[PDB]
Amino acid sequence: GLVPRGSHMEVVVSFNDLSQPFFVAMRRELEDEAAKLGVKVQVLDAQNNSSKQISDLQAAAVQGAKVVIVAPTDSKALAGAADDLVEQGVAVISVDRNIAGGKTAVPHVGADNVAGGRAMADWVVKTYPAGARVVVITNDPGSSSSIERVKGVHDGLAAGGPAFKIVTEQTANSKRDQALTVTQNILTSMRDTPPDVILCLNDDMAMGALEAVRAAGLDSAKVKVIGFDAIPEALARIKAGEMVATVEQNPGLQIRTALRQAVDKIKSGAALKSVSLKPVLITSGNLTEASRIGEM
């Protein structure tokens, strides 16, 4: 869906799946920053298809793109395309999740997702000092963000010990509809001993898990749901006392930082560099620390 370049002040931005609310919101911040920087952004949606994303990236290079910002559908699967683009003289920077396993080290702007996952688990260990039964519902399984969030959750619960039980860990592929049915089936499988905490690795899925908890006739005070992203819908649930926590990862700042680096690469050849942002756990006491609180 590319059009011809009119100047050098153009960047191609390839999103993994623009049907995800987190990324729709990220795209809005991208468009603001692009206007402010005087750069045209051409936005491509991979529609959760690695083959399409790879062909999109190849096409952008053929048509003259010199910097591409990519949120890869799968962090390992896009390594070949990134290497090819670099070899052709196209600079690549990743956003939100990384590209890994290739010849070239691709600079990456994202959240510290291990720290984010660890914050969720540390919350569980602090809140349940005698132990707890935990369900983990994971995001986009091929993404570094899922892999690293999961690792941080594992780290914190392993540190807590055998009293902190991961009763099941399943993906809902960053989809609210899958989150509902996946969570329902998990609840049914342990209806005689419901979990204490459902850790959901994005807020869209957390909304589905909250609904599954309600559909099961369970009490959101006894079966607690924690998300990730601090989207306004989740912030409202925390304000209402239905959801306990989420995690702020500053997606506006991620995308703005990637674009700022891209523009400096175009203007002066400045090197693209990795930046990891520290996430912050958001509860009812610090809702205003969420970057999108003004939308709630």
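Residue numbers here begin at 1 and follow the sequence given.
J.: Comparing 192-200 with 110-118, where is the mean C-alpha B-factor higher?
T.: According to the PDB entry, the answer is 192-200.
J.: Per the entry, where is the mean C-alpha temperature factor higher: 170-178 or 97-105?
T.: The recorded data point to 97-105.
J.: Going by the entry, which of 34, 26, 243, 266 has the most elevated CA B factor?
T.: Among 34, 26, 243, 266, the highest C-alpha B-factor in the entry belongs to 243.
J.: At the C-alpha atoms, which of 126, 133, 149, 214 reaches the highest B-factor in this entry?
T.: The record points to 214.
J.: When the modelled residues of the chain are sorted by Cα temperature factor, does residue 38 land in the lowest, middle or highest third?
T.: Middle third of the chain for residue 38's C-alpha B-factor.
J.: Within this chain, which third does the Cα B-factor at residue 161 fall in: lowest, middle or highest?
T.: Residue 161: CA B-factor falls in the middle third of its chain.
J.: Where does the C-alpha B-factor of residue 207 rank in its chain, lowest, middle or highest third?
T.: For residue 207, whose C-alpha B-factor we compare with every modelled residue in the chain, the answer is the middle third.
J.: Sort the modelled residues of this chain by their C-alpha B factor and say whether residue 221 lands in the lowest, middle or highest third.
T.: Answer is highest: the recorded C-alpha B-factor places it there.
J.: In terms of the CA temperature factor given in the entry, to which third of its chain does residue 249 belong: lowest, middle or highest?
T.: According to the entry, residue 249 has a C-alpha B-factor in the chain's lowest third.
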